[PDB]
Structure formats: structure tokens, C-alpha cells
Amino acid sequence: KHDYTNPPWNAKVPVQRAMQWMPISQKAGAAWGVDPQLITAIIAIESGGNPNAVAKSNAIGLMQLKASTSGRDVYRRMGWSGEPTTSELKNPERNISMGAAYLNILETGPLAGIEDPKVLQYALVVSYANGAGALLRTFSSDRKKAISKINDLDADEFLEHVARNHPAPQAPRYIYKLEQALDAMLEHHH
């Protein structure tokens, strides 16, 4: 169904800009047990490495995180009242910390129990894009059964499932863009 490779996405310059933040991605990723390569890919795809980014519904900063939803979710999990400010989300360090936190919330929460780390990666970017609920309900109304079904697929099969069945066109497209970004990041390791 979704023609998710059209138009081509050229990752080179988004990735070069995102790579300048790799020191922070590495630190925050370690701190949250999140993959720095996935953080960097998300930065490239979301802000293209611009820490002053503004997006969809005033999502802000390098990872284009929304204060009142995702940001709040991170503060809740931290036992903090409230939610981040706009100026906190424009701070690269704070932005990437919170985005890593949010990725950890998804991995250890709705997506808990996915055993293939590559399928987990794909599920994480689909869930970051359009929410874990929309993804899981393409499998089952029951979380546990959804996860069980996800665990029977490999990564190619999971993409094909998302491409045929997810209602959001952005969902398979985020997997395509993730792989364009991971390929482009290879040029920066010697």
C-alpha cells in the first residue's frame, strides 16, 4: 500500500548536521540505555540538526519533542511536576536528554517484550512518529497479544506489515528514512 520510498530522502546533510550533536547523543543515550545511533537518526529526520527547530504543534528542538505531551510524560516518569519549557527544549543537552528519556519510556513501556532489537528499533521510530497505540492496534486490541505477534516477525516483515496496514503514511516512511540516515552515518566512522 504506502509508497513509502517516494520521494527519495537524501540523508547526507541532515546527518552531517545531526552528527555534530553525537557527543551529547552518546552521553544521553548511555544515561537512558538508548542507542545513540537511533537518537542521531531521529535528530537528522526531525530537526535536521537545528537546535532551534519548531515543528508540528510546537514540537521543539533537535528531536522535535512536544512539551505538553511527550515532555510531560518524561517529567511524570522523573517524578517532576509540570513539563519542560520552550527554552529548555531549545537547549541541545536538555532536548536530547528528554528525547532519550521518551525513547526509553516507549521501549520499556508499550513496546516492552520485543526481543529482536532491530524490530524494536523499527517499532520505536513508528511509535515516535504516530504513537505506540496506532502501531499496536494494527496487530491486536490487546497489548500482550500485539507484542506476541510483533515477536513472530523479522524486521523486513515488520516494515511490510506497517506499509500495508498502518493508517499513517508517515509510519513506513520513518523506517525508510531511518535506514537512509543509518547508511549516511557510516561515512562518519573510520
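Residue numbers here begin at 1 and follow the sequence given.
K.L.:
Looking only at CA atoms, which has the higher mean B factor in the entry: 95 to 103 or 79 to 87?
P.N.:
Taking the mean B-factor of the alpha carbons in each, 79 to 87 is higher.
K.L.:
Which wins on mean Cα temperature factor, 50 to 58 or 119 to 127?
P.N.:
If you average the C-alpha B-factors of 50 to 58 and of 119 to 127, the larger mean comes out for 50 to 58.
K.L.:
Specify which of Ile45, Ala30, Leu135, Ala163 carries the largest Cα B factor in the deposited PDB entry.
P.N.:
That would be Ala30, according to the entry.
K.L.:
Where does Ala171 sit by CA temperature factor within its chain: lowest, middle or highest third?
P.N.:
As the PDB entry reports it, the C-alpha B-factor of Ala171 lands in the lowest third of its chain.
K.L.:
According to the PDB entry, is the CA B factor of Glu187 in the bottom, middle or top third of its chain, that is, lowest, middle or highest?
P.N.:
Middle third of the chain for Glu187's C-alpha B-factor.
K.L.:
Of the three thirds of its chain by CA temperature factor, lowest, middle or highest, which one includes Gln16?
P.N.:
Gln16: CA B-factor falls in the highest third of its chain.
K.L.:
Against its chain's modelled residues, does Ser68's Cα B factor rank lowest, middle or highest third?
P.N.:
Middle third by C-alpha B-factor.
K.L.:
How does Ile39 rank on Cα B-factor within its chain, lowest, middle or highest third?
P.N.:
Tercile = lowest for this residue's CA B-factor.
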